Amino acid sequence: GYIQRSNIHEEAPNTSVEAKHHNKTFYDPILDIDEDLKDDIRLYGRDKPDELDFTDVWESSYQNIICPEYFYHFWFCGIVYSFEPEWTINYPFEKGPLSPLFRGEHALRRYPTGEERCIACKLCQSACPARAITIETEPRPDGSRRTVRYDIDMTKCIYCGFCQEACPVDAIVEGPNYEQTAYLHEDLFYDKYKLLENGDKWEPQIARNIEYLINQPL
Amino acid sequence: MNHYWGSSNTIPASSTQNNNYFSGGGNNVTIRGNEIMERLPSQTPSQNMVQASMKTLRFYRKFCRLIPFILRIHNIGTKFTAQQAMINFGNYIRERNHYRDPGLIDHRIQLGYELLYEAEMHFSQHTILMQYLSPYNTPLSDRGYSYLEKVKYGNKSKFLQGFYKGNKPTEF
Amino acid sequence: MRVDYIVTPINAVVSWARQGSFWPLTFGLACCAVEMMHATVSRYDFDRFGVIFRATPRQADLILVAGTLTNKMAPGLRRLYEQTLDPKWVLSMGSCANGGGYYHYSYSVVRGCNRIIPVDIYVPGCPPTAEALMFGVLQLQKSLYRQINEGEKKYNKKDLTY
Amino acid sequence: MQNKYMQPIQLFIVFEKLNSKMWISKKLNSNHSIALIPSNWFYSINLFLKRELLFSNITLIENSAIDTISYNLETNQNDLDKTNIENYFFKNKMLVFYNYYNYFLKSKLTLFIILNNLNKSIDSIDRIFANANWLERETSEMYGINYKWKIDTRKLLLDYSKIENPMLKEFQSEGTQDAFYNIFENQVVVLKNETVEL
Amino acid sequence: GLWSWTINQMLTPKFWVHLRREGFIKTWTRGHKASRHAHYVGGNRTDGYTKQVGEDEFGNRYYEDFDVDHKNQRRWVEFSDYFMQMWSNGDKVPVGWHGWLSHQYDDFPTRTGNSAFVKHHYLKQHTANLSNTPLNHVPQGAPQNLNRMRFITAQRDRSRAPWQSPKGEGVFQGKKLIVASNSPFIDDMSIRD
Amino acid sequence: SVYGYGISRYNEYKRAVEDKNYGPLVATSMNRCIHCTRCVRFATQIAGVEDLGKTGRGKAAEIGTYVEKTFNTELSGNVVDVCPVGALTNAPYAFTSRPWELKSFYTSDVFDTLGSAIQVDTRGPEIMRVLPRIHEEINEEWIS
Amino acid sequence: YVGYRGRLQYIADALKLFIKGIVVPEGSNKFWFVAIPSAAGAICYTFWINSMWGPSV
Amino acid sequence: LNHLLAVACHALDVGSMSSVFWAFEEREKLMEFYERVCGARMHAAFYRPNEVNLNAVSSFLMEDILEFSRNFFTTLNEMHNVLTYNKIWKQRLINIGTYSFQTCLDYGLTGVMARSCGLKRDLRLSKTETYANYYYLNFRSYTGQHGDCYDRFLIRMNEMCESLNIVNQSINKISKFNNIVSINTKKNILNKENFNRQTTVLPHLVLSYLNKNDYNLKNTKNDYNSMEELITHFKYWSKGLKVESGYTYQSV
Amino acid sequence: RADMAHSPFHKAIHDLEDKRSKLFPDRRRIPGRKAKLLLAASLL
Ligand SMILES: CCCCCCCCCCCCCCCCCC(=O)OC[C@H](COP(=O)([O-])OCC[N+](C)(C)C)OC(=O)CCCCCCCCCCCCCCCCC
Ligand code: SF4
Ligand code: SF4
Ligand code: SF4
Ligand code: SF4
Ligand code: SF4
């Protein structure tokens, strides 16, 4: 590609018993019997061998009359594979394994003082591949820049996490919650009240996960 | 003829006979064929406007021949008669009269044949394909109509009618 | 008044049965279909809650829209909904079905399957994990169990409904 | 570079009446050659490719078209020379490209054709390569390309009862119609659309 | 719900220990609070029952057993509300217990002492899914909102505020109608000196 | 982004500057100033007012008026367009919008009988800001 | 979960199948459409007479 | 993942009902492996043009991947012994959909189908077309000699096995095997508090060895304590990166 | 070489005879044995 290669042939490793990395029992005479079967012409095309034999006669008679497919597979599947313990996770009473990186329901966070982290920078709005975030901003009477509107269409969202990566104050996050099934299409129109209460309810778990994620680079 | 319109692509009259004895026959013009269409080759290029006009006339003739079958199978015969549907599609073609590029006309004829085949094989929905057969300035025949704006804006010009009725919502 | 003495108990037996055997239609579009098929296999067994898939709409009780709906498919979805036997319920799974989704601004996609057929419940993710799909199906089962007697009738002086 | 490469120059040796314009780039694979081909020789060139030795073991990998009527350099406008292939994207109504792979020579070959007629007419090669049927159908429906001598001209991916070329630059990604259910007709209809904007 | 503890599961030392300590109603209902497996009631072992790792603000109990046949069944919760089969769903698990039960981390909430979770003054309590209830999420302009007009009017007035026309009887000077100005700002140059 | 090294190595305290009040049209964030003198030169040579300057020395020098004085003048907002950084910003146009979510139209002004060539930036049905254009026969580069 | 530990699944399935409301499409023979299932049920509810449980039982 | 789903669904179509339950359980573990690096089970959006989330990859993840490989051998053998030698399976798949290299070229067939028609075409093993460490590993590729459904099925199973082998080779390439031994008695000196005591896999040893300068800068400066990095973050997430004009074609 | 014998990339190189015996079959299938046995037994 971008380098030179004087010798393209990769030579096999040293086969001497004196060598340090000699691997005995790599080749098994019982198992490795490919020399017996490699000369068969049936493995190379539609052609037939020069001479058929009574071994083939016996094999065909066994296959056609005994019909082993009804006892080989039946036993070997049914009994043995039924002996194995089950794999089911009892969903109402157990949960499947997640990670702190799991992308679930969106939430808006606060500082430990109770102040909003979001400063209406609109980076999350432009980061959204689905155009699901709409933001409008006015100066709050105390002077700080805050959103007068921050809403996300959860029926447009693809749950990709580009917005939580774009946020420079960790204001918008995707929480661990996934049980957000709704009965109305209007219940999935998330406004600032919904995201704020989601953040105020899920703050401990989100804080723990974000703490671990922050400590990972450190 | 190895084509969907071939003279041998007719549905047999009976299970043991293509037609009555002593002869053969079948209908392939006013109804669909026996086998499905598997390929639709390109129209032979037209070197001048005469060939393009002939192609348009022949496509319109095929469409007119297929109208009653489409109306029956799509249950749209009460909205308009066969002649009304032909006249509406002729209005469409007349609105496409100003064309003067033969290659563009060949492309349009290919598309028209494709849409006609879609209509005659239940590929499209009747409420969707009726957009080509609907009248331009007349109500449909399967329902009543309102003539309120005819009475109030009787002798008023088109501008006044479009001024009294706005072009945008008024709440916002 | 006296008819309720028979109707009110029997109602439960009618609901329980249809809550115990809730057969959805075998129909999957795009990749919420793959997620749903994951939700059907042994890790999350719908067969635990008596949910088994039937291939024809005449034997189906729940229509599960689980993928993108294009303008080419809307009449087919409408026909499939109309051809299911009553009573029936509709579950909308994933963003492409709940709304436009990742293709909301496209020229050939229906902006939500509820523009064509009524929807009973929406599952938001893209894709919603098998956890969330099972949650939504269980919620729908409980709702349709309770849906036969929601207290619509008034009680007279004998504590009897109408 | 660091591999054996040779231009596909025999193609223009056999077709003695054609100009030769070829490019190689480090943005492509080191065995990928791009050439410019006139439209009125495309069918004969594909006929030669399909059967000539050291070309016969070839397959058609991809086909598509570029709407260059709105192609503009956005940065570094002063770093363009007369040898840049993008220099052929100006003033040209349409472009069509085909990509093949040759197993004997282990090479990628891309051919570019400039369409400068308003009807966008070009001969089809689906009678030579069986790939070109669906590929050319999709290209024709997306970009309005008029393919002549084609096996099948029907629409491939677009909706029934509609005529449009959504991949042209003039087309807005939201289209012009929306599909709704109509209670008064108990079936789905299409209406002029009003859409949200971000 | 008969035989929450089967006969084979009974006669086990675990069952008698649980009955002696916890009682009958608590022991019997453990088969109804969780319905994982017949042999799993009270824990997979037989010498004793699994100690609960914790409890809940709504009464749910959380256990972790390391002797389960499959790795995924290590941790589970028994709910305080078990009225019917197919009654308790997965949205009833609170925040820290959600992460513990989904194996995100190995920390779990504690009532008292050194906690691994923040306890701020603005935190709200976990609520279950409130859809299909009178307390669902309503957009500010949706028809379900009784105060939808205040939101609609403000959005309209952001870019086009209508002029308030005079109403009722007014004062006339010829043909001009006299009203007081609506400016909240002060014309200080007419009062200054 | 285009010409710099792309990463930093400065790891000390930066200087901090207290903000000044110039009036309801110009907002000041003087930590962002790069001492480019564009505002001083615009005020002296274009606006004709002599209220701006550079006081101090070295890194601690500051741009602006020495005393608490408003930047009251016509063509005042133009100085914002001159300043390359967010040191001086359009105070009415504070925090409301971002450049990428605006559509622009070319038109002419009617507030004064000079038909100033202007650019109107809108977001949906709301007009968000007005900027000057280049004509060289009307308003040069500037608007009132 | 239908009953306790799934002890009534068949009962629930049978009751739901009773509850479901059948519709006969147009273009089909209604008499035959309803009569073939009746004949099939009558035939299938006869197999139990061709059974043997011990000698001459 | 893909070959598991394909084989299971093909068996389900043919009539083997149970095999789909197994491949879906064994592809749940790979979905968990996705979820542990990006937080999603299907749509990762993981690969980036010039950025790699190095912190998302830990040594504890590779050991679980090796465990999965060891058990995937057994699950693949379980699927093997109900399909491969089954008479019904052979009579359903053998000599079905047979084609040669000429059709395989006319219809642009690549991948498993092209290896079944007999053609040796693998982009990973091509000298001029390889990508992402594939050219410097050692694995096998399989071609059929009949061009039918049976060949495709066998090729897919063998490709799954070879994928296991490639994963093992990569983990070995990011592993630290040799240790420090005592000068006398040739006895190993294992660390007590170092992270390398927990496991032999260090997924950052090659990167830190060669690109030490870039490793240091990335681990010290972010958009919270550097002006250049904050400007880069803002431009990247507001307008995106700028790409110089040109045409490219890239295949995988 | 990781795909050929005696490769230094391989790790399990020392005496693993017991594990190799336990994990893998120790007898070779011989054609006709089952056929002849089953046919003769069925006839008898
Ligand atoms: C006709 C198609 C080809 C038939 C091939 C031979 C079929 C042999 C029988 C297979 C089973 C289906 C037949 C039974 C159901 C339909 C009855 C029928 O054909 O009626 C036609 C006859 C005549 O059909 P018709 O009334 O529609 O015809 C009107 C007259 N012409 C022909 C001019 C239009 O029906 C009647 O006379 C009225 C309905 C009587 C139905 C009585 C039986 C109902 C089913 C009871 C259960 C089955 C019997 C008991 C169980 C079995 C024995 C243990
Ligand atoms: S990305 Fe973060 S800081 Fe920016 S507008 Fe959004 S929530 Fe606010
Ligand atoms: S997760 Fe992705 S699609 Fe969803 S709101 Fe955030 S950026 Fe948009
Ligand atoms: S909502 Fe998303 S994940 Fe679901 S089917 Fe649609 S595209 Fe696939
Ligand atoms: S334009 Fe800005 S950086 Fe330049 S001198 Fe003025 S306040 Fe400073
Ligand atoms: S946007 Fe400009 S003036 Fe504002 S802080 Fe960033 S780089 Fe400086």
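All values below were derived from every heavy atom in this structure, side-chain atoms included, with hydrogens, water molecules and symmetry-related copies excluded. Per chain, numbering begins at 1; letters A, B, ... match sequence-line order.
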Review item, side-chain donor-acceptor pairs of residues 184-193 of chain E, under 3.5 Å, at least two apart:
{"residue": "E:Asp188", "atom": "OD2", "partner": "E:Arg192", "partner atom": "NH2", "Å": "2.8"}
{"residue": "E:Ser190", "atom": "OG", "partner": "E:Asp187", "partner atom": "O", "Å": "3.3"}

Is the closest basic N to carboxylate O distance between H:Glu244 and D:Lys27 below 4.0 Å?
-> yes
A:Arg109 vs A:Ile210 side-chain heavy atoms within contact, under 4.5 Å = yes
Decide if atom CZ of H:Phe46 counts as having more than 12 heavy atoms of other residues, nucleotides or ligands within a radius under 6.0 Å.
-> yes
Are A:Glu165 and H:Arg48 within salt-bridge range, i.e. N to O under 4.0 Å?
-> yes
Under 3.5 Å, is there a donor-acceptor pair between the F:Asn139 and F:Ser116 side chains?
-> yes
Check the side chains of E:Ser115 and E:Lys119 for a donor-acceptor pair under 3.5 angstrom, ignoring hydrogens and angles.
-> no
Pairing residues for F:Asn78 by the side chain to side chain donor-acceptor pair (under 3.5 Å) criterion, not counting sequence neighbours = none
Could you tell me whether a side-chain N or O of A:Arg146 sits under 3.5 Å from a main-chain N or O of A:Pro139, the two making a donor and an acceptor?
-> no
Quick one: do A:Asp170 and A:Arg117 make a salt bridge, cutoff under 4.0 Å?
-> no
Contacts of type salt bridge (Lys or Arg N to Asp or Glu O under 4.0 Å), residue A:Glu136, not counting sequence neighbours = A:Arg149, E:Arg158
Is the closest side-chain heavy-atom distance between F:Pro84 and F:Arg38 below 4.5 Å?
-> yes
Below 4.0 angstrom, N of the basic side chain to O of the carboxylate: do F:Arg123 and F:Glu101 qualify?
-> yes
Evaluate whether atom OH of H:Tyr47 has more than 12 neighbouring non-hydrogen atoms of other residues, nucleotides or ligands under 6.0 angstrom away.
-> no
Derivation and outcome, side-chain contact (heavy atoms from CB on, under 4.5 Å), residues F:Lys20 and F:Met30 = CA-CA 8 Å; F:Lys20 276 82 72 175; F:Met30 304 294 332; 3.5 Å; yes
Does any non-hydrogen side-chain atom of A:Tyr150 lie less than 4.5 Å from one of A:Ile172?
-> yes
Evaluate the side-chain proximity of F:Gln119 to F:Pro132: yes if any heavy-atom separation is below 4.5 Å, no if none is.
-> no
Is the shortest heavy-atom distance from the side chain of F:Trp142 to the side chain of F:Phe42 under 4.5 Å?
-> yes
By ring pair (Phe, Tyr, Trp, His ring centres under 6.0 Å) - contacts of A:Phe162 (at least two apart) | H:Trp237
Counterpart residues, salt bridge (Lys or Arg N to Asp or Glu O under 4.0 Å), relative to F:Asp121 (two or more places apart) | F:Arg129
Using only heavy-atom distances, determine whether the side chains of A:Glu105 and A:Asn177 contain a donor-acceptor pair under 3.5 Å.
-> yes
Keeping the roles fixed (side chain from H:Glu51, backbone from H:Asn53), state whether a donor-acceptor pair exists under 3.5 Å.
-> yes
For D:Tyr71, all residues meeting ring pair (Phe, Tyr, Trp, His ring centres under 6.0 Å), sequence neighbours excluded = D:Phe89
